[PDB]
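Trainee: Got query-v5.pdb for you, PDB, C-alpha atoms and all ligand atoms:
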ATOM      1  CA  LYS A   1      18.701 -21.617  -5.884
ATOM      2  CA  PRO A   2      15.860 -19.701  -4.259
ATOM      3  CA  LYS A   3      12.282 -20.121  -5.502
ATOM      4  CA  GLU A   4      11.167 -17.557  -8.066
ATOM      5  CA  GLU A   5       7.591 -16.775  -8.979
ATOM      6  CA  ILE A   6       5.612 -14.244 -10.895
ATOM      7  CA  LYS A   7       2.076 -13.258  -9.881
ATOM      8  CA  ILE A   8      -0.159 -11.130 -12.035
ATOM      9  CA  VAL A   9      -3.507  -9.750 -10.922
ATOM     10  CA  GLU A  10      -6.186  -8.447 -13.366
ATOM     11  CA  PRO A  11      -8.660  -5.896 -12.045
ATOM     12  CA  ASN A  12     -11.775  -8.018 -12.745
ATOM     13  CA  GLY A  13     -14.184  -5.116 -12.138
ATOM     14  CA  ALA A  14     -12.268  -3.220  -9.457
ATOM     15  CA  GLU A  15     -12.301   0.572  -9.716
ATOM     16  CA  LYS A  16     -10.119   1.079  -6.689
ATOM     17  CA  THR A  17      -7.112  -0.975  -5.421
ATOM     18  CA  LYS A  18      -6.646  -1.588  -1.687
ATOM     19  CA  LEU A  19      -3.236  -3.232  -1.342
ATOM     20  CA  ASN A  20      -2.386  -4.822   1.967
ATOM     21  CA  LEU A  21       1.140  -6.174   2.425
ATOM     22  CA  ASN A  22       2.453  -8.229   5.384
ATOM     23  CA  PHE A  23       6.124  -8.786   5.065
ATOM     24  CA  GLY A  24       8.272 -10.367   7.733
ATOM     25  CA  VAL A  25      11.870  -9.972   6.600
ATOM     26  CA  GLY A  26      13.844  -8.918   3.551
ATOM     27  CA  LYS A  27      13.585  -6.456   0.669
ATOM     28  CA  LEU A  28      10.342  -5.054  -0.671
ATOM     29  CA  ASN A  29      10.375  -2.885  -3.823
ATOM     30  CA  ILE A  30       7.324  -1.226  -5.316
ATOM     31  CA  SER A  31       6.929   0.842  -8.444
ATOM     32  CA  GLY A  32       4.460   1.754 -11.119
ATOM     33  CA  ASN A  33       4.788   0.573 -14.764
ATOM     34  CA  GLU A  34       2.136  -2.182 -14.862
ATOM     35  CA  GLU A  35      -0.831  -2.459 -17.261
ATOM     36  CA  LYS A  36      -2.928  -4.892 -15.229
ATOM     37  CA  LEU A  37      -3.672  -4.272 -11.521
ATOM     38  CA  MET A  38      -0.381  -5.598 -10.143
ATOM     39  CA  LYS A  39       2.528  -7.753 -11.281
ATOM     40  CA  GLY A  40       5.077  -9.109  -8.900
ATOM     41  CA  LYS A  41       8.218 -11.192  -8.869
ATOM     42  CA  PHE A  42       8.863 -12.977  -5.570
ATOM     43  CA  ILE A  43      12.163 -14.566  -4.620
ATOM     44  CA  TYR A  44      12.404 -16.659  -1.479
ATOM     45  CA  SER A  45      15.001 -19.147  -0.222
ATOM     46  CA  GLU A  46      12.902 -20.754   2.509
ATOM     47  CA  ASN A  47       9.759 -22.622   1.496
ATOM     48  CA  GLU A  48       8.042 -21.365   4.614
ATOM     49  CA  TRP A  49       8.296 -17.790   3.263
ATOM     50  CA  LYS A  50       6.187 -18.620   0.161
ATOM     51  CA  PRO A  51       4.018 -15.574  -0.332
ATOM     52  CA  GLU A  52       0.237 -15.986   0.050
ATOM     53  CA  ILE A  53      -1.951 -13.857  -2.240
ATOM     54  CA  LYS A  54      -5.633 -13.149  -1.758
ATOM     55  CA  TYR A  55      -7.670 -11.004  -4.134
ATOM     56  CA  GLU A  56     -11.386 -10.201  -4.025
ATOM     57  CA  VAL A  57     -13.455  -7.440  -5.486
ATOM     58  CA  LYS A  58     -15.966  -6.150  -2.965
ATOM     59  CA  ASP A  59     -18.227  -3.431  -4.335
ATOM     60  CA  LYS A  60     -15.795  -2.019  -6.900
ATOM     61  CA  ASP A  61     -12.843  -2.204  -4.454
ATOM     62  CA  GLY A  62     -10.121  -4.675  -5.366
ATOM     63  CA  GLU A  63      -8.833  -5.991  -2.035
ATOM     64  CA  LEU A  64      -5.376  -7.405  -2.702
ATOM     65  CA  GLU A  65      -3.476  -8.929   0.136
ATOM     66  CA  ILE A  66       0.022 -10.341  -0.016
ATOM     67  CA  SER A  67       1.483 -11.991   3.065
ATOM     68  CA  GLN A  68       4.789 -13.709   3.970
ATOM     69  CA  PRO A  69       3.799 -16.610   6.222
ATOM     70  CA  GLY A  70       4.604 -15.580   9.769
ATOM     71  CA  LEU A  71       7.390 -17.469  11.378
ATOM     72  CA  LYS A  72       6.205 -17.163  14.987
ATOM     73  CA  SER A  73       9.800 -18.245  15.525
ATOM     74  CA  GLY A  74      12.511 -18.207  18.037
ATOM     75  CA  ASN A  75      15.597 -17.492  15.927
ATOM     76  CA  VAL A  76      16.128 -16.831  12.227
ATOM     77  CA  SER A  77      19.678 -16.653  10.892
ATOM     78  CA  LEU A  78      19.637 -14.306   7.926
ATOM     79  CA  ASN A  79      23.019 -14.904   6.250
ATOM     80  CA  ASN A  80      22.692 -16.573   2.885
ATOM     81  CA  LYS A  81      18.894 -16.386   2.918
ATOM     82  CA  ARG A  82      16.831 -14.300   0.499
ATOM     83  CA  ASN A  83      13.363 -12.836   0.555
ATOM     84  CA  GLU A  84      12.543 -10.250  -2.056
ATOM     85  CA  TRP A  85       9.269  -8.890  -3.417
ATOM     86  CA  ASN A  86       9.358  -6.694  -6.490
ATOM     87  CA  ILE A  87       5.958  -5.262  -7.260
ATOM     88  CA  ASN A  88       4.713  -3.210 -10.238
ATOM     89  CA  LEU A  89       1.412  -1.361  -9.771
ATOM     90  CA  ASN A  90      -1.175   0.121 -12.117
ATOM     91  CA  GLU A  91      -0.728   3.894 -12.581
ATOM     92  CA  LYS A  92      -4.369   4.937 -13.251
ATOM     93  CA  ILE A  93      -6.519   3.153 -10.705
ATOM     94  CA  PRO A  94      -7.175   4.962  -7.371
ATOM     95  CA  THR A  95      -4.928   3.162  -4.858
ATOM     96  CA  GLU A  96      -4.581   2.778  -1.087
ATOM     97  CA  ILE A  97      -1.575   0.925   0.286
ATOM     98  CA  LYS A  98      -1.091  -0.528   3.714
ATOM     99  CA  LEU A  99       2.235  -2.077   4.681
ATOM    100  CA  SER A 100       3.330  -3.928   7.788
ATOM    101  CA  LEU A 101       7.042  -4.650   7.500
ATOM    102  CA  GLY A 102       8.885  -6.511  10.286
ATOM    103  CA  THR A 103      12.532  -6.146   9.352
ATOM    104  CA  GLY A 104      14.313  -5.156   6.158
ATOM    105  CA  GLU A 105      14.374  -2.533   3.436
ATOM    106  CA  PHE A 106      11.339  -0.985   1.847
ATOM    107  CA  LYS A 107      11.757   1.073  -1.327
ATOM    108  CA  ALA A 108       8.898   2.529  -3.300
ATOM    109  CA  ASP A 109       8.359   4.856  -6.184
ATOM    110  CA  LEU A 110       4.780   5.968  -5.876
ATOM    111  CA  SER A 111       5.182   9.173  -7.884
ATOM    112  CA  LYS A 112       3.262   7.710 -10.830
ATOM    113  CA  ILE A 113       0.504   6.005  -8.865
ATOM    114  CA  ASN A 114      -2.952   7.515  -8.402
ATOM    115  CA  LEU A 115      -2.298   7.368  -4.696
ATOM    116  CA  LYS A 116      -4.983   8.141  -2.092
ATOM    117  CA  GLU A 117      -3.558   6.769   1.117
ATOM    118  CA  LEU A 118      -0.418   5.116   2.372
ATOM    119  CA  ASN A 119       0.090   3.538   5.768
ATOM    120  CA  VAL A 120       3.465   2.009   6.593
ATOM    121  CA  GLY A 121       4.647   0.307   9.737
ATOM    122  CA  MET A 122       8.283  -0.821  10.014
ATOM    123  CA  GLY A 123       9.906  -2.619  12.955
ATOM    124  CA  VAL A 124      13.660  -2.525  12.262
ATOM    125  CA  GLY A 125      14.880  -1.289   8.900
ATOM    126  CA  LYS A 126      14.733   1.420   6.285
ATOM    127  CA  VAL A 127      11.979   3.091   4.375
ATOM    128  CA  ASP A 128      12.704   5.124   1.179
ATOM    129  CA  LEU A 129       9.648   6.529  -0.546
ATOM    130  CA  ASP A 130       9.157   8.719  -3.540
ATOM    131  CA  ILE A 131       5.769  10.302  -3.220
ATOM    132  CA  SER A 132       6.619  13.315  -5.363
ATOM    133  CA  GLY A 133       3.809  12.915  -7.886
ATOM    134  CA  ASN A 134       1.408  15.629  -9.013
ATOM    135  CA  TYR A 135      -1.484  13.937  -7.222
ATOM    136  CA  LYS A 136      -4.970  15.012  -8.375
ATOM    137  CA  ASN A 137      -6.633  14.654  -5.016
ATOM    138  CA  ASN A 138      -5.680  14.933  -1.383
ATOM    139  CA  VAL A 139      -3.332  12.245  -0.100
ATOM    140  CA  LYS A 140      -2.841  10.929   3.427
ATOM    141  CA  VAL A 141       0.494   9.356   4.379
ATOM    142  CA  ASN A 142       1.232   7.736   7.739
ATOM    143  CA  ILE A 143       4.664   6.234   8.479
ATOM    144  CA  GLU A 144       5.643   4.610  11.743
ATOM    145  CA  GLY A 145       9.070   3.050  12.354
ATOM    146  CA  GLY A 146      10.620   1.372  15.354
ATOM    147  CA  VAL A 147      14.338   1.476  14.743
ATOM    148  CA  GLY A 148      15.780   2.757  11.492
ATOM    149  CA  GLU A 149      15.679   5.541   8.942
ATOM    150  CA  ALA A 150      12.836   6.871   6.824
ATOM    151  CA  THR A 151      13.391   9.049   3.714
ATOM    152  CA  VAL A 152      10.521  10.623   1.866
ATOM    153  CA  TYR A 153      10.538  12.607  -1.406
ATOM    154  CA  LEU A 154       7.640  15.043  -1.766
ATOM    155  CA  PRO A 155       6.381  17.165  -4.650
ATOM    156  CA  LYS A 156       7.155  20.870  -5.067
ATOM    157  CA  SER A 157       4.004  21.511  -7.133
ATOM    158  CA  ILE A 158       1.349  20.628  -4.566
ATOM    159  CA  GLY A 159       1.033  21.521  -0.913
ATOM    160  CA  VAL A 160       2.681  19.316   1.650
ATOM    161  CA  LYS A 161       2.489  19.349   5.438
ATOM    162  CA  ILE A 162       4.546  16.889   7.477
ATOM    163  CA  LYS A 163       4.311  16.184  11.172
ATOM    164  CA  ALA A 164       7.618  14.496  11.978
ATOM    165  CA  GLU A 165       8.208  12.990  15.400
ATOM    166  CA  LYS A 166      11.219  11.023  16.638
ATOM    167  CA  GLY A 167      12.169   9.559  19.984
ATOM    168  CA  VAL A 168      15.939   9.666  19.513
ATOM    169  CA  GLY A 169      17.288  10.900  16.233
ATOM    170  CA  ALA A 170      17.085  13.762  13.834
ATOM    171  CA  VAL A 171      14.700  15.259  11.402
ATOM    172  CA  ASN A 172      16.515  16.461   8.347
ATOM    173  CA  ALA A 173      14.211  18.750   6.402
ATOM    174  CA  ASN A 174      16.272  21.335   4.593
ATOM    175  CA  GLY A 175      14.279  23.620   2.316
ATOM    176  CA  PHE A 176      11.013  23.175   4.207
ATOM    177  CA  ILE A 177       9.273  25.837   6.244
ATOM    178  CA  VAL A 178       9.474  25.060   9.957
ATOM    179  CA  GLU A 179       6.255  25.542  11.858
ATOM    180  CA  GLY A 180       6.445  25.322  15.605
ATOM    181  CA  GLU A 181       6.557  21.829  16.978
ATOM    182  CA  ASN A 182       7.532  19.083  14.591
ATOM    183  CA  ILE A 183       5.611  20.531  11.611
ATOM    184  CA  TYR A 184       7.218  21.087   8.202
ATOM    185  CA  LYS A 185       5.635  22.476   5.045
ATOM    186  CA  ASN A 186       6.462  23.584   1.552
ATOM    187  CA  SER A 187       5.533  26.891   0.000
ATOM    188  CA  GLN A 188       2.516  25.395  -1.849
ATOM    189  CA  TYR A 189       0.774  24.248   1.328
ATOM    190  CA  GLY A 190      -2.476  26.146   1.797
ATOM    191  CA  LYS A 191      -2.337  27.415  -1.823
ATOM    192  CA  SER A 192      -2.897  24.318  -4.013
ATOM    193  CA  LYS A 193      -6.349  22.736  -4.120
ATOM    194  CA  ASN A 194      -4.742  19.331  -3.412
ATOM    195  CA  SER A 195      -2.381  18.444  -0.590
ATOM    196  CA  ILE A 196      -0.348  15.640   1.002
ATOM    197  CA  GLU A 197      -0.719  15.374   4.772
ATOM    198  CA  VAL A 198       2.166  13.322   6.128
ATOM    199  CA  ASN A 199       2.612  11.936   9.614
ATOM    200  CA  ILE A 200       6.013  10.284  10.259
ATOM    201  CA  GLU A 201       7.058   8.753  13.551
ATOM    202  CA  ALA A 202      10.390   7.121  14.264
ATOM    203  CA  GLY A 203      11.370   5.560  17.566
ATOM    204  CA  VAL A 204      15.111   5.553  17.079
ATOM    205  CA  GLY A 205      16.431   6.819  13.783
ATOM    206  CA  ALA A 206      16.474   9.635  11.286
ATOM    207  CA  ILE A 207      13.669  11.149   9.304
ATOM    208  CA  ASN A 208      14.784  12.701   6.037
ATOM    209  CA  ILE A 209      12.323  14.794   4.116
ATOM    210  CA  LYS A 210      13.160  16.183   0.702
ATOM    211  CA  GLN A 211      11.428  18.019  -2.156
ATOM    212  CA  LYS A 212      11.781  16.637  -5.629
TER     213      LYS A 212
HETATM  214 CA    CA A 301       0.775   2.959  16.375
END
So that I can check it, write out the structure of this file as structure tokens.
Mentor:
Amino acid sequence: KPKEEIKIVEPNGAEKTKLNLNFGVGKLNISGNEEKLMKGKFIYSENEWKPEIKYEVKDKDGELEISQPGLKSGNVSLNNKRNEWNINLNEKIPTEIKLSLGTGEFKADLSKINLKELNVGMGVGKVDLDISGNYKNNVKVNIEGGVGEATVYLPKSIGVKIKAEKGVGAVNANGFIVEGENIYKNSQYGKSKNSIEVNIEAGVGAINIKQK
């Protein structure tokens, strides 16, 4: 039986959330649908993977950090082990998210979050992100992957521009306007007051961009 834990964070004066996640291996799932700042359920089969949470409010910014203890490691055998983080985030508070993911699968619905910035690094694995919200300010998204696939869902209603670069692999961007070298946009870009600027880099793997 793996360990299971719930963690709940109240804002305690924060007016912005800065979420910083360091995740070595496994499955990370993020959504909205939380009343407090964040609620998470963490499942881990190895005691060494026990997540470490730090939260402080500095000058109205709630700095929330969640880290899987590094295994500096030689080998880890993954069969029959489990490491899963399932996180629910507040939908109203202005939010920046930074993720460093070693290996595994990252899935996030951020369409209901008051998102300002997202930075994702992934070593080996998959990223699937719904950032198709009607955001009420400009949004900056940076995604960088080593080996694996990244899929991003973007809104039709606000302007989007994506710079998508791969080493070896394909950019699948049907229904987007193609601009010169590695730039993709929707029809709203340049027209809506608000926009999402997206940079996506993949070493080896596919980049799939879709409107939703
Ligand atoms: Ca870099």
Trainee: Report the residues retrieved by the PyMOL selection byres (((not hetatm)) within 12 of (chain A and resi 301)) from the displayed file, expressed as a list in words.
Mentor: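 Going through the file, the PyMOL selection byres (((not hetatm)) within 12 of (chain A and resi 301)) ends up selecting residues 100, 119, 120, 121, 122, 123, 142, 143, 144, 145, 146, 199, 200, 201, 202 and 203 of chain A.
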Trainee: What's the separation between atom CA of residue A:16 and atom CA of residue A:41, in Å to one decimal place?
Mentor: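 These atoms are spaced 22.2 Å apart.
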Trainee: Take the PyMOL selection byres (((chain A and resi 73-78) around 12) and not hetatm), run it mentally on this structure, and tell me the resulting residues as a tab-separated table (two decimals) with C-alpha atoms, in the coordinates of the input.
Mentor:
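Below you can see selection_8.tsv, which holds the result:
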chain	number	residue	atom	x	y	z
A	24	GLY	CA	8.27	-10.37	7.73
A	25	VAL	CA	11.87	-9.97	6.60
A	26	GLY	CA	13.84	-8.92	3.55
A	45	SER	CA	15.00	-19.15	-0.22
A	46	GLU	CA	12.90	-20.75	2.51
A	48	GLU	CA	8.04	-21.36	4.61
A	49	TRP	CA	8.30	-17.79	3.26
A	69	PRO	CA	3.80	-16.61	6.22
A	70	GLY	CA	4.60	-15.58	9.77
A	71	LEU	CA	7.39	-17.47	11.38
A	72	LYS	CA	6.20	-17.16	14.99
A	79	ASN	CA	23.02	-14.90	6.25
A	80	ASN	CA	22.69	-16.57	2.88
A	81	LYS	CA	18.89	-16.39	2.92
A	82	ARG	CA	16.83	-14.30	0.50
A	83	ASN	CA	13.36	-12.84	0.56
A	103	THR	CA	12.53	-6.15	9.35
A	104	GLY	CA	14.31	-5.16	6.16
Trainee: Could you tell me which of A:205, A:94, A:2, A:125 comes closest to residue A:107 if we count only C-alpha atoms?
Mentor: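 The closest residue to residue A:107 is A:125.
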Trainee: Pick from A:148, A:62, A:180, A:13: nearest to residue A:206, with all atoms listed in the file counted?
Mentor: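 Going through A:148, A:62, A:180, A:13 one by one, the smallest distance to residue A:206 is for A:148.
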Trainee: Go through A:97, A:162, A:9, A:64 and flag the residue nearest residue A:207, using only C-alpha atoms for the distances.
Mentor: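 Answer, going by the shortest atom-to-atom distance: A:162.
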Trainee: On this structure, which residues satisfy the PyMOL selection byres (((chain A and resi 4-7) around 9) and not hetatm), written as a list in words?
Mentor: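 Those residues are residues 1, 2, 3, 8, 9, 38, 39, 40, 41, 42, 43, 44, 45 and 53 of chain A.
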Trainee: Work out how far atom CA of residue A:86 is from atom CA of residue A:29, in Å to one decimal.
Mentor: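 Rounded to one decimal, the two atoms are 4.8 Å apart.
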